[PDB]
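J.: 3D, please:
(7 chains)
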Amino acid sequence: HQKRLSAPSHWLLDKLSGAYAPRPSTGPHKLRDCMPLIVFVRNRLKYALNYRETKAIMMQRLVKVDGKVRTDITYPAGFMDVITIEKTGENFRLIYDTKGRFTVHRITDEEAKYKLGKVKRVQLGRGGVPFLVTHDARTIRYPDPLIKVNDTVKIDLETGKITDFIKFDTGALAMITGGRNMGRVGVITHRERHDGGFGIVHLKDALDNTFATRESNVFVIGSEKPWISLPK
Amino acid sequence: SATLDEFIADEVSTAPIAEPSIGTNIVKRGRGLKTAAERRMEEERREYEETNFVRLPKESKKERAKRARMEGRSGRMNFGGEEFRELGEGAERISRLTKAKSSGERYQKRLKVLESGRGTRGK
Amino acid sequence: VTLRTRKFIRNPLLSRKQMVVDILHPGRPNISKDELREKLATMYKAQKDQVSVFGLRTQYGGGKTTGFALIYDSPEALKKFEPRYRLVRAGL
Amino acid sequence: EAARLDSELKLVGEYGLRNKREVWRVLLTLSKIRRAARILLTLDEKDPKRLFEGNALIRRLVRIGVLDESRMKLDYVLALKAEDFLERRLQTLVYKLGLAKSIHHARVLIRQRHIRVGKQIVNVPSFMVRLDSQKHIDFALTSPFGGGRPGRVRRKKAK
Amino acid sequence: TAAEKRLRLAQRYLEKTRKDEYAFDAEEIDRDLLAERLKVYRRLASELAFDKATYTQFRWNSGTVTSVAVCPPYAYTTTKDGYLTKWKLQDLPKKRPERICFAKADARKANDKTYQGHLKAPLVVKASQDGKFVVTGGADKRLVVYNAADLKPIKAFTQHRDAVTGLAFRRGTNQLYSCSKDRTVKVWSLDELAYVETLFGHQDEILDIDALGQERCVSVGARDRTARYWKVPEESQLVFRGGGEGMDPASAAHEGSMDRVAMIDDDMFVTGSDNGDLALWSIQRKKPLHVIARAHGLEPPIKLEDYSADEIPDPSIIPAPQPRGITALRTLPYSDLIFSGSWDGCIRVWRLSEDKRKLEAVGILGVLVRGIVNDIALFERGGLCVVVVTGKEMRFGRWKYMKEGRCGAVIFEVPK
RNA sequence: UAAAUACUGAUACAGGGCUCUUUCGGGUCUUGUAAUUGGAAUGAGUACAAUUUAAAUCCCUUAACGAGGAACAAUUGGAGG
RNA sequence: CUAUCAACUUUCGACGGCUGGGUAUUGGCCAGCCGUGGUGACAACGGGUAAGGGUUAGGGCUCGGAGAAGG
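T.: Numbering: from 1, shown residues only, chains lettered A, B, ... in the order given. Let me share the structure:
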């Protein structure tokens, strides 16, 4: 039940939606790194007008998020969730811009079929099996045995299996998803360890601005290989 | 930077500024004129009523308490169509911006006047 | 009685045609939005019963009047997708 | 004092004003403008504050039509006066454009909604008409001097 | 020096404010989503043979013909006797038109009601490109509009307050822009025969108006030296103030009025001013893009035998001659053609530059058509026929009467 | 904060009106009247509607009425005959 | 803020370490065993009660203990 100004500055609200703002329900993505489905439908896309209209869209099986039907209105969809609407025949993708806000991208089924997800941790689960945890809280059982931490994975999204992976690399272009230099698509050119907590990388854009961002806030997107269509 | 921004648009930048047709910026049968700042807000209220076309409440008691108190603490005044700003801190920025923005032919004549004996004497 | 439709939006998931309507009565009194529902049947090839009009503020000095019009694909789609107060104002 | 009484009576008579509150209102806004001009004359020439703020003040007064387009110095902005402001009022502009026979006729017309400034009719006689908007003062279309219905006493007589 | 110091400080502030292959834009991509949720340029300035133009310089029983419109088979003349004559033009595979019908102003029925039609002589005429509406406005304070075929008046708008001076159609639409002599311009929706909106803002009387395919106008007013570009839906304007600046030096006159206007495409237009200035104006710029001076030269100095009544005529005193200003000015839409006619006896044609940021001369067209060129109308055969309307005096007033010249429609075409 | 309680003519008749330093004195020249008549303009109010809105109201549109003093009724103080 | 506050803690253990208990877990948090501590003129301790942070042209905007008649 937070106010419209206490809502974060990256899912935008104008002077229109009242003094209050919806809170995202608990789910895969975080609270402050989130776009709820009602803000995506009626405050960003404007396929709806009111809360009851958004409910009348959501309750019938017309909005699918990451390939599954998401019914509740304030479902969290933070980063790179393909959002398939079949009556309009569109699939939107959530990326950022250079200023630090949410951006929507229209696309069809060929790029809508896969999800590029960053690995959070690799472990040995119960049954003596290695399993893999992404930032979408997707756990994949029996992964490829080189996919370590901070590697990204092309998730199939019709079975959910691994298809390809991109390694953490000095020389692979990356996207920033946090910090004071948030949302700046550039190339990882250096990486400093700082063992004892909070190591960094040094990263430059396409046009020569060096800056240091933390290896938590980084997010690998591809060496050149823009596997998701960043908007031209 | 308020007085400085209007100097560029009208004297420096070679681009014509949209002027309203004369009777359009009159509020309530003449009771006020809409200044170019207050007019630009009024389109922003209107340009939000065709996007998803839900109507608005024409202000409320809690916004009118705020914006009419803004006149109480400001030295602005609107004598005509224009605004007349006070000469306080808005004048000091004009000085404060401009300080960071500022941060062998001779010898021949001598031998050509040393050759001829002399022209004449004192008349 | 002169009509123009700006910003016509399809909206298939809510199944309703969204029009910003600028109507003009010069010299007449106001437009009687039930008769405007009757007028927005042959302009967009629909029944009168599946049209709902709201907004509808008259501009200063007569003439122009801005309304917002929604035409549903069926009266039952209107019945299951309309608010109660707009349904009462329409008469269903 | 008799000087203040005779001065305010000359203003109220020469421009058809209602009381001395309108005179004191104009004298207050004139003193505000003139105080801003004196404060800008306090600074030396070619200070950027004086340059841009005085250019803003002079362009504002020339655009609202009080200060003449010939003289554009801050000394003439100091030499401004309340007769120039009351001349820029709407009621004296109707009297000088000749839609009305006297200034009290002009106040009567503006009160009962005959003239219009540009597009919209103007109900207030103290409307500060700008220089660009001075030309578009005319009778409205709903007025019997403009057109439409022949009017009220005309209707009662023609019945 | 204070002005140049302000210019220096402002340019420094511009440099400070000024002080990306993967750059994105949330609000601009949102405007893209909303827009996705919701007039060819020609260059025929060299493809015509102006020296090989074929002309019919004829005339008929009239006082002085004022204006013409081009319905594509037809023509529509207005004459100060009070006639509007609908005429049929010619085709090549006989060089004078055959008049088919006319309508006369009846001033006897000014008192008599339900008479749509003029009381006094009309001044301008325009024809809709459909061919079903023809509109004409005069100094009788009213603008009438009717059917093109039977030429019988169906509507007589009385909304203007002084006189109707300029009149223009939106191309491809029946939206009308009529600019008047009470410094206003009223836009009409002629499909329902109704007035939709008025537009104020002009300082002096409005002399000309031009329109194109969009819902815009460009209107020139006379002695304020101002062309105003008109955004009709949002009701806004853009001001363009001229202030125009071996021969005698006193003969160089500044821009007195701004008589004629012609929109050549969406982004720029051209204005003709009675000191003989022809100025190309761009909407992106606040200044003239390119002004050319004395576009029809100076007048001849008047004779001593009329200027002084003396037994000796001495040329020691004679005033400096003034430039013959543009009386008519037209263009083809989305072309490079600037037709300008003064009372020099010749009808000049200009063109654009290859960068379209300059005006250039291509020469005199009739290589005379004497009189005062009141009007120009253009038509394409498929190779263009232009009619030029000339009389003994100007359009709106009998200021300069000329015993030379004829009350003639002069029809000439360029076949290449 | 904005501003209603009136605007504008014609005719008839009276010969005085006003001022001051200097006062049984000087200065200036059109002013009146509870006179007779004529024009228009109309917003306060009354008000069919439609619209606004959860339902109403206000606002914006708006057909029809709506001015001669004895009224659609200006007040608060001070000085004097 | 104050030395008209220079000693304070061990006066509900004051500082450890060992062992357990209890806690969702660490921990003198609590219980048994012993060791001698701990802070302080670089301002402890005591006393007075008058209980801001972030967003940076600016102002604005945002966030901020005890009781349900008495133990």
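J.: contact residues of chain A facing chain E?
T.: A:12, A:44-46, A:95-99, A:101-106, A:185-186, A:205-207, A:230-231 (C-beta under 8 Å from any C-beta of the partner chain). Just so you know, the C-beta spots here come from the backbone N, C-alpha and C atoms, and that holds for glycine as well.
J.: right, is the lengthiest helix in chain A up against RNA strand F?
T.: What stands out as the longest helix in chain A, according to DSSP state H, is helix A:51-58. No. Helix A:51-58 does not reach RNA strand F (C-beta under 7 Å from any atom of the strand); its nearest approach is 12.9 Å.
J.: for that helix, which positions count as buried?
T.: By neighbour count on 16 or more other C-beta atoms under 10 Å in any protein chain shown, the buried set for helix A:51-58 is A:53, A:54, A:56, A:57, A:58.
J.: what's the burial count for the closest residue to the second one other than its chain neighbours?
T.: Going back to what we said before, that points to residue A:54. Closest residue to residue A:54 apart from its sequence neighbours, by C-beta to C-beta, 6 or more residues apart in numbering or on different chains: residue A:48 at 4.7 Å. A count of neighbours around residue A:48, defined by other C-beta atoms under 10 Å in any protein chain shown, yields 21.
J.: buried subset of the residues of chain A next to chain E?
T.: Neighbour-count burial (16+ other C-beta under 10 Å) applied to the residues of chain A next to chain E gives A:44-46, A:95-99, A:101-106, A:185-186, A:205, A:230-231.
J.: chain center to the longest helix of chain A, what's the gap?
T.: 24 Å (C-alpha atoms, centre = their mean, to the nearest Å).
J.: just stretch E:401-410 next, same as before
T.: Distance, stretch centre to chain centre, for stretch E:401-410: 20 Å (C-alpha atoms, centre = their mean).
J.: do stretch E:199-217 as well
T.: How far stretch E:199-217 lies from its chain's middle: 11 Å, per C-alpha atoms, centre = their mean.
J.: close to chain C, is that stretch?
T.: No. Using C-beta under 8 Å from any C-beta, stretch E:199-217 never reaches chain C; the gap is at least 11.7 Å.
J.: how long is that stretch end to end?
T.: 11 Å (C-alpha to C-alpha, to the nearest Å).
J.: any figure for the gap between whichever residue of chain A sits closest to RNA strand G and chain C?
T.: Nearest residue of chain A to RNA strand G: residue A:5, at 3.9 Å (C-beta to the nearest atom of the strand). Using C-beta to the nearest C-beta, to the nearest Å, we find residue A:5 at a distance of 28 Å from chain C.
J.: near chain D, which residues of the stretch 251-400 of chain E?
T.: So the stretch 251-400 of chain E never meets chain D (C-beta under 8 Å from any C-beta).
J.: contacts only, for residue 24.
T.: Just so you know, I chose chain A. A:31, A:34, A:35, A:36, A:74, A:75, A:76 (C-beta atoms under 8 Å, 6 or more residues apart in numbering or on different chains).
J.: oops, chain C please
T.: C:1, C:2, C:3, C:63, C:64, C:65, E:196.
J.: how near is it to residue A:173?
T.: Using C-beta to C-beta, to the nearest Å, one gets 56 Å for the distance from residue C:24 to residue A:173.
J.: again with residue A:2
T.: Here the distance between residue A:2 and residue A:173 works out to 35 Å (C-beta to C-beta).
J.: before I go, just wanted to say thanks for your time.
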